[PDB]
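A short write-up of the structure that comes next.
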Amino acid sequence: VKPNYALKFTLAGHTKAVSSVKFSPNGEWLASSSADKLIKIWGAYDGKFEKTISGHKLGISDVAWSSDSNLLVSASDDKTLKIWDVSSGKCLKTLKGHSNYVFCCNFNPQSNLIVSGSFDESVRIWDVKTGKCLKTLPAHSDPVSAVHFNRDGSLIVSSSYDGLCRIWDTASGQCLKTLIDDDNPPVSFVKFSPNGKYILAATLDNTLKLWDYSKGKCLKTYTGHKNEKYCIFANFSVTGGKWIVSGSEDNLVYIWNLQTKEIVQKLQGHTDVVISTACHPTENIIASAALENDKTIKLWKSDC
């Protein structure tokens, strides 16, 4: 069994590279962020433009949705994050504290906390209600590329150019596990698996790895794509067959069988690096976004 993702819509509007795409947890919306300093909201099923959200002073690297789909948080080169009310488009809070570019962000599932990572090498944990920084973790010795909470919010995972992944207890901010290989290329992406038992990590050695972080064992490896420079997001696709999905520096979306590690589809259409992909929470739909030769988001649909 293999998927048959086909292009359904191309979403144009951004005027520089598109950095991140995320489906809302209710499935209704797609949010995109860009080097053009803007967030755009689009209908998830037909790609219909909904609104533009503005206020950052420099490019945006990432966006993330609250669990109730009512808030977004964005991470900017302007050294701040902003919390946005999606309905009004208004900036509710500006999160100040990082000393350089903020690259990545996420709400916890509870959505009372935001986690962020920065070029400044720290991971910060922020109170959503007040906008205050609760903890600064001395997380890494090089830029932080990704941050993610697990399903119950009790853990955070971070990746860095220092070649490490680290697992942090949310409440205490203590490091519970450091994952360190024999060689240490930059770790460009990480997230927990749906069940929270594994982490999926990308390295700038053109490789994605699935790890049991408790046991420190690499269970699966996914290769054949191009990823030596950009911090490209990956995903577990779980609405149909169980796949791994990633963008690639050869302008394609790659899809792998999670168990066999075989490449099952390569989606062709973008004209620049595919830096972000997202999988819809209930339907077999992928959103992909590309850098400045392209500037578009594509929506793809499969029967499985």
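Letters A, B, ... go to the chains of the structure tokens in the order shown; residues in each chain start at 1; ligands are counted from 1 in the same order.
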
Can you pull out every residue within 7 Å of stretch 129-143 of chain A, counting only C-alpha atoms, but drop anything in the same chain fewer than 3 positions away, and send it as a list in words?
residues 93, 94, 95, 112, 118, 119, 120, 121, 122, 123, 124, 125, 126, 160, 161, 162 and 173 of chain A

Writing out the chosen residues with C-alpha atoms as a PDB file, in the first residue's frame:
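What ended up in part-v6.pdb:
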```pdb
ATOM      1  CA  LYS A  93       1.189  39.629  24.022  1.00  0.00           C
ATOM      2  CA  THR A  94       4.758  40.174  22.907  1.00  0.00           C
ATOM      3  CA  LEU A  95       7.202  37.770  24.606  1.00  0.00           C
ATOM      4  CA  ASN A 112      -1.098  27.566  29.264  1.00  0.00           C
ATOM      5  CA  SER A 118      16.629  30.667  19.757  1.00  0.00           C
ATOM      6  CA  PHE A 119      19.920  31.343  18.057  1.00  0.00           C
ATOM      7  CA  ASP A 120      20.903  32.540  21.561  1.00  0.00           C
ATOM      8  CA  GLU A 121      21.205  28.827  22.491  1.00  0.00           C
ATOM      9  CA  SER A 122      18.463  28.900  25.123  1.00  0.00           C
ATOM     10  CA  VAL A 123      15.051  27.340  25.467  1.00  0.00           C
ATOM     11  CA  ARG A 124      12.483  29.545  27.208  1.00  0.00           C
ATOM     12  CA  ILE A 125       9.150  28.585  28.778  1.00  0.00           C
ATOM     13  CA  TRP A 126       6.525  31.342  28.860  1.00  0.00           C
ATOM     14  CA  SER A 160      20.482  22.085  18.326  1.00  0.00           C
ATOM     15  CA  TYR A 161      23.334  22.752  15.991  1.00  0.00           C
ATOM     16  CA  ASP A 162      25.511  21.456  18.842  1.00  0.00           C
ATOM     17  CA  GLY A 173      13.259  22.604  33.784  1.00  0.00           C
TER      18      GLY A 173
END
```

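The protein and nucleic acid residues lying at most 9 Å from residue A:175 are residues 139, 166, 167, 168 and 169 of chain A, with only C-alpha atoms considered and sequence neighbours fewer than 5 positions away removed.
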
Can you list every residue in stretch 97-170 of chain A that DSSP puts in strand (DSSP E), as JSON, numbers by chain?
{"A": [102, 103, 104, 105, 106, 107, 113, 114, 115, 116, 117, 118, 123, 124, 125, 126, 127, 133, 134, 135, 136, 137, 144, 145, 146, 147, 148, 149, 155, 156, 157, 158, 159, 160, 165, 166, 167, 168, 169]}

Same residues, N, CA, C and O atoms, saved as a compact mmCIF listing (two decimals), in the first residue's frame:
```txt
# COMPACT_ATOMS: atom_id res chain seq x y z
N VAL A 102 14.54 34.21 17.23
CA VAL A 102 13.75 33.10 17.77
C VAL A 102 13.33 32.23 16.59
O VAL A 102 12.73 32.73 15.61
N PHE A 103 13.68 30.96 16.64
CA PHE A 103 13.52 30.09 15.49
C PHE A 103 12.34 29.15 15.55
O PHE A 103 11.88 28.70 14.50
N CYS A 104 11.88 28.81 16.73
CA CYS A 104 10.89 27.74 16.90
C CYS A 104 10.05 27.97 18.12
O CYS A 104 10.47 28.60 19.08
N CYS A 105 8.82 27.47 18.04
CA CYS A 105 7.86 27.65 19.10
C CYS A 105 6.78 26.61 19.10
O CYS A 105 6.46 26.03 18.08
N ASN A 106 6.17 26.42 20.28
CA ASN A 106 5.02 25.53 20.42
C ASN A 106 4.28 25.84 21.70
O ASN A 106 4.89 26.20 22.71
N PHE A 107 2.96 25.66 21.68
CA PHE A 107 2.17 25.60 22.91
C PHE A 107 2.29 24.22 23.52
O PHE A 107 2.48 23.24 22.79
N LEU A 113 1.19 27.20 28.46
CA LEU A 113 2.62 27.51 28.29
C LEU A 113 3.02 27.54 26.83
O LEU A 113 2.46 26.85 25.99
N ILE A 114 4.02 28.36 26.54
CA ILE A 114 4.71 28.33 25.24
C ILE A 114 6.16 27.98 25.52
O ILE A 114 6.73 28.42 26.52
N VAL A 115 6.73 27.15 24.64
CA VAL A 115 8.18 26.90 24.61
C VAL A 115 8.76 27.50 23.36
O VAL A 115 8.12 27.47 22.30
N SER A 116 9.98 28.05 23.45
CA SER A 116 10.66 28.69 22.32
C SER A 116 12.12 28.32 22.33
O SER A 116 12.69 27.98 23.36
N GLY A 117 12.72 28.32 21.16
CA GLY A 117 14.15 28.16 21.02
C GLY A 117 14.73 29.19 20.10
O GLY A 117 14.09 29.62 19.11
N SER A 118 15.98 29.53 20.38
CA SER A 118 16.63 30.67 19.76
C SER A 118 18.06 30.40 19.32
O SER A 118 18.75 29.53 19.81
N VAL A 123 16.44 27.73 25.57
CA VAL A 123 15.05 27.34 25.47
C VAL A 123 14.33 28.12 26.56
O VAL A 123 14.74 28.10 27.72
N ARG A 124 13.29 28.85 26.20
CA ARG A 124 12.48 29.54 27.21
C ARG A 124 11.08 28.98 27.30
O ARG A 124 10.52 28.48 26.30
N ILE A 125 10.51 29.04 28.50
CA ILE A 125 9.15 28.59 28.78
C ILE A 125 8.42 29.81 29.27
O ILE A 125 8.89 30.47 30.19
N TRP A 126 7.26 30.09 28.65
CA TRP A 126 6.53 31.34 28.86
C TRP A 126 5.09 31.06 29.31
O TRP A 126 4.45 30.11 28.86
N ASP A 127 4.61 31.92 30.20
CA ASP A 127 3.22 31.89 30.62
C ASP A 127 2.36 32.60 29.56
O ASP A 127 2.56 33.78 29.28
N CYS A 133 8.19 35.31 31.01
CA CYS A 133 9.07 34.18 30.92
C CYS A 133 9.16 33.53 32.30
O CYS A 133 9.54 34.19 33.27
N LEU A 134 8.79 32.26 32.37
CA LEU A 134 8.85 31.49 33.61
C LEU A 134 10.22 30.83 33.84
O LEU A 134 10.67 30.71 34.97
N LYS A 135 10.85 30.35 32.78
CA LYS A 135 12.13 29.66 32.89
C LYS A 135 12.97 29.92 31.67
O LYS A 135 12.44 30.00 30.57
N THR A 136 14.28 30.08 31.85
CA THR A 136 15.23 30.08 30.76
C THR A 136 16.12 28.88 30.98
O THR A 136 16.81 28.81 32.00
N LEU A 137 16.10 27.93 30.06
CA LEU A 137 16.91 26.74 30.18
C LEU A 137 18.21 26.98 29.45
O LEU A 137 18.20 27.40 28.29
N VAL A 144 19.33 26.68 18.74
CA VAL A 144 18.25 25.69 18.94
C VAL A 144 17.32 25.70 17.72
O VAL A 144 16.80 26.78 17.35
N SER A 145 17.14 24.55 17.08
CA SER A 145 16.41 24.47 15.81
C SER A 145 14.94 24.08 15.96
O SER A 145 14.13 24.37 15.08
N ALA A 146 14.60 23.37 17.03
CA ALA A 146 13.24 22.87 17.26
C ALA A 146 12.98 22.64 18.73
O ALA A 146 13.88 22.29 19.48
N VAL A 147 11.73 22.86 19.13
CA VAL A 147 11.22 22.59 20.49
C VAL A 147 9.80 22.03 20.38
O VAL A 147 9.00 22.47 19.53
N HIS A 148 9.48 21.07 21.23
CA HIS A 148 8.19 20.33 21.15
C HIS A 148 7.83 19.75 22.49
O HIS A 148 8.68 19.20 23.17
N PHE A 149 6.56 19.89 22.89
CA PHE A 149 6.07 19.20 24.09
C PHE A 149 5.55 17.82 23.68
O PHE A 149 5.05 17.63 22.57
N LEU A 155 6.89 16.76 29.23
CA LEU A 155 8.25 16.80 28.69
C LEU A 155 8.36 17.75 27.50
O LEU A 155 7.40 17.94 26.75
N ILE A 156 9.56 18.29 27.35
CA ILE A 156 9.96 19.07 26.18
C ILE A 156 11.13 18.37 25.53
O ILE A 156 12.01 17.84 26.24
N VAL A 157 11.18 18.37 24.20
CA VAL A 157 12.36 17.95 23.48
C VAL A 157 12.90 19.13 22.69
O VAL A 157 12.15 19.88 22.11
N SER A 158 14.23 19.28 22.69
CA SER A 158 14.92 20.32 21.93
C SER A 158 16.04 19.76 21.11
O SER A 158 16.65 18.78 21.49
N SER A 159 16.29 20.37 19.96
CA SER A 159 17.42 20.02 19.10
C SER A 159 18.28 21.23 18.84
O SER A 159 17.79 22.36 18.89
N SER A 160 19.55 21.00 18.52
CA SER A 160 20.48 22.09 18.33
C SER A 160 21.57 21.76 17.33
O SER A 160 21.91 20.59 17.06
N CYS A 165 20.16 16.22 20.94
CA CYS A 165 18.79 16.35 21.37
C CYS A 165 18.75 16.22 22.88
O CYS A 165 19.49 15.42 23.48
N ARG A 166 17.88 17.00 23.52
CA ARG A 166 17.71 16.95 24.97
C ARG A 166 16.24 16.87 25.34
O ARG A 166 15.39 17.43 24.68
N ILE A 167 15.97 16.12 26.40
CA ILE A 167 14.62 15.93 26.93
C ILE A 167 14.59 16.60 28.28
O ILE A 167 15.45 16.31 29.13
N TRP A 168 13.62 17.49 28.49
CA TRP A 168 13.51 18.34 29.67
C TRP A 168 12.18 18.07 30.38
O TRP A 168 11.13 17.88 29.74
N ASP A 169 12.23 18.00 31.71
CA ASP A 169 11.03 18.00 32.53
C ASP A 169 10.47 19.43 32.53
O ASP A 169 11.13 20.37 32.95
```

List every residue of stretch 170-284 of chain A that has an atom at most 9 Å from any atom of stretch 17-41 of chain A, and for each one report the closest atom pair and its distance in Å to one decimal, counting only C-alpha atoms, with rows sorted by chain and then by increasing residue number, as CSV.
```
residue,atom,partner,partner_atom,distance
A:233,CA,A:20,CA,8.2
A:275,CA,A:19,CA,6.5
A:276,CA,A:20,CA,5.2
A:277,CA,A:21,CA,6.4
A:278,CA,A:22,CA,5.7
A:279,CA,A:23,CA,7.3
A:280,CA,A:23,CA,6.0
A:281,CA,A:27,CA,6.0
A:282,CA,A:27,CA,7.0
A:283,CA,A:27,CA,8.3
```

File of the preceding selection, C-alpha atoms, as a compact mmCIF listing (two decimals), in the first residue's frame:
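The file below, selection.txt, is the result:
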```
# COMPACT_ATOMS: atom_id res chain seq x y z
CA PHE A 233 10.30 20.09 9.34
CA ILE A 275 11.29 23.80 4.18
CA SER A 276 7.99 22.92 5.88
CA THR A 277 5.36 20.24 5.65
CA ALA A 278 2.25 19.63 7.73
CA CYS A 279 -0.24 16.74 7.94
CA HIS A 280 -3.98 17.46 8.49
CA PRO A 281 -5.30 16.11 11.84
CA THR A 282 -8.17 14.06 10.41
CA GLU A 283 -7.99 13.94 6.61
```

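Proximity of A:101, A:52, A:289, A:252 to residue A:88, computed with only C-alpha atoms, is greatest for A:52.
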
Which of A:59, A:247, A:241, A:163 sits closest to residue A:225 [using only C-alpha atoms]
A:247

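Atom CA of residue A:299 is positioned 6.1 Å from atom CA of residue A:7.
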
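Atom CA of residue A:97 to atom CA of residue A:78 spans 11.1 Å [interatomic distance, one decimal].
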
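Of the listed residues (A:255, A:190, A:75, A:64), A:255 comes nearest to residue A:268; the distances count only C-alpha atoms.
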
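Distances from A:246, A:298, A:204, A:81 to residue A:62 were compared using only C-alpha atoms, and the smallest one belongs to A:81.
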
For stretch 208-223 of chain A: contacts at 8 Å, only C-alpha atoms, fewer than 6 positions along chain excluded, given as a VMD selection string:
chain A and resid 177 179 197 to 202 256 258 to 259 261 to 262

Can I get the selected residues back with N, CA and C atoms, as an mmCIF file, in the first residue's frame?
```cif
data_model
loop_
_atom_site.group_PDB
_atom_site.id
_atom_site.type_symbol
_atom_site.label_atom_id
_atom_site.label_comp_id
_atom_site.auth_asym_id
_atom_site.auth_seq_id
_atom_site.Cartn_x
_atom_site.Cartn_y
_atom_site.Cartn_z
ATOM 1 N N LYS A 177 17.419 13.682 29.802
ATOM 2 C CA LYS A 177 18.182 12.848 28.877
ATOM 3 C C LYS A 177 18.877 13.694 27.834
ATOM 4 N N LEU A 179 20.704 12.959 24.180
ATOM 5 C CA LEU A 179 20.998 12.009 23.116
ATOM 6 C C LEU A 179 22.197 12.507 22.329
ATOM 7 N N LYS A 197 6.619 8.028 23.015
ATOM 8 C CA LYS A 197 7.659 7.069 23.364
ATOM 9 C C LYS A 197 8.934 7.269 22.547
ATOM 10 N N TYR A 198 8.785 7.841 21.353
ATOM 11 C CA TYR A 198 9.907 8.039 20.445
ATOM 12 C C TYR A 198 10.096 9.517 20.141
ATOM 13 N N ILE A 199 11.263 9.847 19.602
ATOM 14 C CA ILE A 199 11.441 11.147 18.946
ATOM 15 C C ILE A 199 11.914 10.943 17.520
ATOM 16 N N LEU A 200 11.419 11.797 16.623
ATOM 17 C CA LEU A 200 11.902 11.854 15.261
ATOM 18 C C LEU A 200 12.839 13.049 15.125
ATOM 19 N N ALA A 201 14.087 12.798 14.749
ATOM 20 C CA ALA A 201 15.119 13.845 14.648
ATOM 21 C C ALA A 201 15.737 13.879 13.258
ATOM 22 N N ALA A 202 15.896 15.080 12.694
ATOM 23 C CA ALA A 202 16.593 15.283 11.430
ATOM 24 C C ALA A 202 17.969 15.843 11.721
ATOM 25 N N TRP A 256 7.767 8.386 3.311
ATOM 26 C CA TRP A 256 8.323 7.070 3.599
ATOM 27 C C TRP A 256 7.307 6.225 4.361
ATOM 28 N N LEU A 258 6.751 4.144 7.382
ATOM 29 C CA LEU A 258 7.386 4.265 8.702
ATOM 30 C C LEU A 258 8.109 2.981 9.106
ATOM 31 N N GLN A 259 7.501 1.847 8.803
ATOM 32 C CA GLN A 259 8.034 0.566 9.249
ATOM 33 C C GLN A 259 9.156 0.067 8.345
ATOM 34 N N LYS A 261 10.818 1.812 5.960
ATOM 35 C CA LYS A 261 11.755 2.884 5.605
ATOM 36 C C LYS A 261 11.864 3.131 4.106
ATOM 37 N N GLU A 262 11.005 2.508 3.303
ATOM 38 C CA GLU A 262 11.059 2.710 1.858
ATOM 39 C C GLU A 262 10.403 4.038 1.498
#
```

I'd like the neighbourhood of residue A:228 as JSON, numbers by chain, where a residue qualifies if any of its atoms comes within 8 Å (using only C-alpha atoms), though same-chain residues fewer than 5 positions away should be ignored.
{"A": [203, 204, 205, 206, 249]}

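Nearest to residue A:98 of all the residues A:110, A:178, A:80, A:195 is A:80, based on only C-alpha atoms.
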
What's the separation between atom CA of residue A:267 and atom CA of residue A:229, in Å to one decimal place?
20.3 Å
